[PDB]
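Below are the chains, spelled out letter by letter.
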Amino acid sequence: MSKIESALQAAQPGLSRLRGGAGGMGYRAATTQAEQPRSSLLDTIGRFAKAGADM
Amino acid sequence: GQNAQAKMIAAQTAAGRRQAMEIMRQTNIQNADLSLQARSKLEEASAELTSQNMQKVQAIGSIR
């Protein structure tokens, strides 16, 4: 029925969040890296031509 | 001199092909430098955010 109030008289443990000294987070990774499908396609065309269509 | 013309034009195929290969080498190398710069920027962000964390330790500590 009654409630214990010492934990209220103090900082009741394990309630919401407790912090230490966490550091060095580093945020996140990256969304891949600049992709070059366009240039790869174009250079493939260039080599194909320079080999077979450039006798 | 048909052979001379063929040799001169063959030099053009050589000029364009090595020129194009070099364009890819320079563009590909620059991109790697930019990626390394991004990595260094990430490291700097991590360091400054750690400094912000350390200041937080003392700040919230005083509040408590």
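Residues numbered from 1 in each chain as written, not as in the entry; some residues may be left out. Chains lettered and ligands numbered in written order. Part of a larger assembly, values for the part shown. Heavy atoms only, no water.

cryo-EM is the method the PDB entry states for this structure, with the resolution given as 3.2 Å.

J.: Give a detailed account of the overall build of chain A, specifying residues and quantitative values.
T.: A tally of helices and strands in chain A yields two helices and zero strands. Relative to its length of 55 residues, chain A is extended, with a C-alpha radius of gyration of 32 Å against a globular reference of 10 Å. Dimensions of chain A, computed from the C-alpha atoms along their principal axes, are close to 95 × 30 × 10 Å. Residues counted as buried form 4% of the 55 residues belonging to chain A. (Helix = DSSP H or I, 4+ residues; strand = E, 2+ residues; numbered from the N terminus. Rg over C-alpha atoms; globule rule 2.2 N^0.38 Å. Buried < 20%, exposed > 50% of the residue type's maximum accessible area, 1.4 Å probe, protein only.)

J.: Got a sec to walk through the interface of chain A and chain B? Specific residues and values, please.
T.: Taken residue by residue, the interface counts 14 residues in chain A and 12 residues in chain B. Summing the contributions of chain A and of chain B, the shared interface buries around 1,000 Å²; its carbon and sulfur component is 57%. Inspection of the chain A/chain B interface yields zero salt bridges. Taken together, chain A and chain B are joined by three residue pairs in polar contact. Looking at the side of chain A that touches chain B residue by residue, the classes come out as two nonpolar, seven polar and five charged. (Contact = heavy atoms within 4.5 Å. Buried area = accessible area lost by both parts, 1.4 Å probe. Salt bridge = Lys/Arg side-chain N within 4 Å of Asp/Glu carboxyl O. Polar contact = N/O pair within 3.5 Å; in protein donor to acceptor, adjacent residues only side chain to side chain. Nonpolar A, V, L, I, M, F, W, Y, C, P; charged D, E, K, R; others polar.)

J.: I'd like a rundown of the environment of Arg38(A), residues and numbers included.
T.: Along the polypeptide, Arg38(A) turns up in helix α2 (residues 37–53). Remark: the alpha-carbon pair of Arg38(A) and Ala7(A), spanning 31 residues in sequence, is separated by 64 Å.

J.: I'd like a description of the packing of α2(A) against helix α1 (residues 2–63) of chain B, backed by residues and values.
T.: Helix packing geometry: the angle between the two helix axes and the distance between the axes. For the pair α2(A) and α1(B), the least separation of the axes is 12 Å and the interaxial angle reads 160°. With respect to α1(B), the element α2(A) is oriented roughly antiparallel. Between α2(A) and α1(B) lies a crossing whose hand is left-handed. Contacts between α2(A) and α1(B) involve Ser39(A), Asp43(A), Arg47(A) and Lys50(A) from the former and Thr13(B), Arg17(B), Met21(B) and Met24(B) from the latter. (Axes fitted to C-alpha atoms, helices over the stretch in contact; angles between N-to-C directions. Parallel < 35°, antiparallel > 145°, perpendicular 65-115°, else oblique. Left-handed = near helix turned anticlockwise from the far one by under 90°.)

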